[PDB]
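To start, the structure itself, in structure tokens.
There are 4 protein chains.
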Amino acid sequence: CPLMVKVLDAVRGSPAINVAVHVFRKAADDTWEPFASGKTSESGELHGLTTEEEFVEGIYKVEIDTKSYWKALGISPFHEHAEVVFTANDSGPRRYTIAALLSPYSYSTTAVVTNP
Amino acid sequence: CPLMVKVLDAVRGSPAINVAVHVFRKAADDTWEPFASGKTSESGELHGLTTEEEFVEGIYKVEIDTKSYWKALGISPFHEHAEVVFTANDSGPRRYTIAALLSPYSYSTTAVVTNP
Amino acid sequence: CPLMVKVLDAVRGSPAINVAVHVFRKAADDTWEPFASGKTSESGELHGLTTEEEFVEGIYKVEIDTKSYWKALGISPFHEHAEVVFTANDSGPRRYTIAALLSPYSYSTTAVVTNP
Amino acid sequence: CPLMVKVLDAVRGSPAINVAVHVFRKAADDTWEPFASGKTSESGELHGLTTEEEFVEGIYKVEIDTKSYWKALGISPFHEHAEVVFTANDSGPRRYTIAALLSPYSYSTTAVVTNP
Ligand SMILES: O=C(c1ccc(O)cc1O)c1ccc(O)cc1O
Ligand SMILES: O=C(c1ccc(O)cc1O)c1ccc(O)cc1O
Ligand code: NA
Ligand code: NA
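Protein chains in written order, with the deposited numbering: chain B, 10 to 125; chain A, 10 to 125; chain A', 10 to 125; chain B', 10 to 125. A prime marks a further copy of an entry chain.
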């Protein structure tokens with residue numbers, strides 16, 4: 010698992026379950042091409058997005074559909090989505106965790122990059 | 010000010026000065042049209058991006074150029090930028106403050122929305 | 010202002026108004042002595058806590074009464090309060106802003122420290 | 010494991026390893042009594058603090074020694090420590106995760122409370 014996404018809910022103090030997540034890779038013509046996607050599990054996590062072979066150096070975008078998440082809870086949110094844009098670099102540690110902590114008008118995101 | 014951006018640096022405990030900010034608005038053909046840009050002052054604030062007349066209903070993207078900020082300070086950060094995407098003024102004119110708190114591998118953003 | 014506190018609400022996208030704040034200073038016997046208190050204004054800010062003369066070197070604790078804020082809004086939050094503990098003025102007088110961003114099960118705090 | 014603590018480093022994008030953590034329980038005389046302690050592991054986590062039998066309803070304080078962590082990295086930080094104060098309540102879900110994301114002048118904390 011070179012890439013994992015984890016999403017938490019700061020209002021309820023829980024994992025954010027069944028949140029849609031889309032990953033894109035920047036193409037040579039500077040457009041975003043679909044790369045991988047899924048929905049967070051009951052632990053707020055999305056595993057199995059890619060493989061080491063497929064996850065080469067490049068610029069990636071992780072788009073978390075926060076608006077649908079809040080609307081399903083009956084809460085009007087601010088953002089259309091949360092976007093996390095970063096470069097994957099081989100010199101750095103192997104495994105990337107992209108974490109996001111969600112509130113209706115705010116989000117935090119951090120990267121935990123470690124060596125297996 | 011209908012739209013203001015404020016940026017803080019969590020490493021130095023200071024405003025984030027001379028941070029470039031680009032604002033885009035989604036056009037009728039679904040592309041991101043350049044809308045306004047500027048850079049943060051010594052107080053970490055960016056005022057004067059737009060006017061009440063210009064700042065119509067729409068979907069807006071505020072791109073904060075965090076990578077260039079950390080690199081101009083001689084540090085190699087994780088993200089390319091921080092993006093904040095939101096619908097504005099769809100219930101009439103509001104004042105928006107987009108605030109961000111930056112670290113090299115993490116950022117937080119929140120919105121303060123007031124009715125004049 | 011040698012010491013200012015600013016508080017935002019991540020659920021409502023607004024300043025956090027009428028939040029009680031208590032400041033303490035560690036005494037020579039290691040106990041926490043009451044130092045100053047107040048509540049945030051309509052802008053979410055609390056000014057006038059202390060003076061340059063009064064705000065000597067020491068270890069200070071700023072207690073932000075988040076539970077009472079969420080409960081006065083009719084919500085049951087996780088934390089009792091948010092505490093911010095720091096040494097101040099040990100290299101001479103500085104200006105301190107303690108900022109906090111609140112959600113029912115989470116909060117963020119940062120400091121902006123400037124030299125007059 | 011009714012109580013787990015997880016600590017992340019927002020500057021390096023890594024778990025915060027070997028961070029001292031102390032847990033206290035509020036006594037009837039309103040003083041803080043030591044309850045459990047340890048150091049975070051190579052994953053930034055501290056497990057095994059308490060048992061279901063021992064972790065009764067009450068007010069608890071988790072104190073994370075952030076100052077020593079930053080000093081060991083050669084970084085001058087702002088806070089003496091990060092403190093998280095909360096009530097344990099049986100009506101709510103069983104397992105508490107207290108997470109903290111650290112920067113030199115800022116920290117975020119959230120609670121993830123779930124049902125096994
Ligand atoms: O609360 C967070 C968290 C992160 C990882 C984890 O295993 C558990 C967490 O609660 C968290 C995530 C992203 C962020 O930007 C800030 C956070 O406190
Ligand atoms: O606490 C914050 C804050 C920042 C600027 C300000 O004028 C007031 C604040 O409470 C804050 C704002 C945005 C964010 O992503 C994280 C924060 O702690
Ligand atoms: Na409308
Ligand atoms: Na001194």
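Ideal Cβ placement from N, Cα and C applies to all residues, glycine included.
Is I68 of chain B close to chain A? Criterion is C-beta to C-beta, closer than 9 Å. yes
Alpha-carbon spacing of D38 of chain A' relative to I107 of chain B', whole angstroms: 31 Å
Run the proximity test for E63 of chain A': is its beta-carbon closer than 8 Å to any non-hydrogen atom belonging to ligand 5? No copy of ligand 5 occurs in the structure displayed; its ligands are ligand 1, ligand 2, ligand 3 and ligand 4 alone.
C-alpha distance - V71 of chain A paired with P102 of chain B, whole-angstrom precision: 30 Å
Pop quiz: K35 of chain A and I73 of chain A are said to be a contact at Cβ under 8 Å. What is the actual Cβ separation, rounded to whole angstroms? In fact, because the Cβ distance is near 18 Å, the residues do not count as touching under 8 Å.
Shortest alpha-carbon distance to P125 of chain B' belongs to which of B':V32, B':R104, B':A81, B':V30? B':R104
Beta-carbon separation of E89 of chain B and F95 of chain A under 9 Å? yes
Chain A' residues whose Cβ lies nearer than 8 Å to that of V122 of chain A: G22, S23
Using the C-alpha atoms, what's the distance from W79 of chain B' back to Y114 of chain B'? 10 Å
Going along chain B in order, which residues have a C-beta closer than 9 Å to the C-beta of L17 of chain B'? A108, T119, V121
Three-state secondary structure (DSSP) at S77 of chain A? helix
When every heavy atom of ligand 3 is checked, does at least one fall within less than 8 Å of the C-beta of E89 of chain A? no
Host beta strand (DSSP E) of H31 of chain B (start-end): 29-35
Close Cβ partners of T118 of chain A (< 7 Å) along its chain, the five nearest in sequence each way excluded: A91, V93, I107, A108, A109
By the criterion of Cβ-Cβ separation under 8 Å, what are the contact partners of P113 of chain A in chain B'? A19, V20, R21, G22
How many angstroms separate the CA atom of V121 of chain B from the CA atom of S52 of chain B'? 10 Å
Contacting positions in the stretch 65-94 of chain B' - beta carbon closer than 8 Å to chain A': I68, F87, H88, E89, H90, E92, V93, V94
Quick check on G83 of chain B: buried or exposed, where buried means 16 or more other Cβ atoms within 10 Å of its Cβ? exposed
Under 9 Å Cβ-Cβ, which residues of chain A' neighbour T60 of chain B'? Near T60 of chain B' there are no residues of chain A' at all, since even the closest Cβ is about 22 Å away, more than 9 Å.
Coil, strand or helix - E63 of chain B by DSSP: coil
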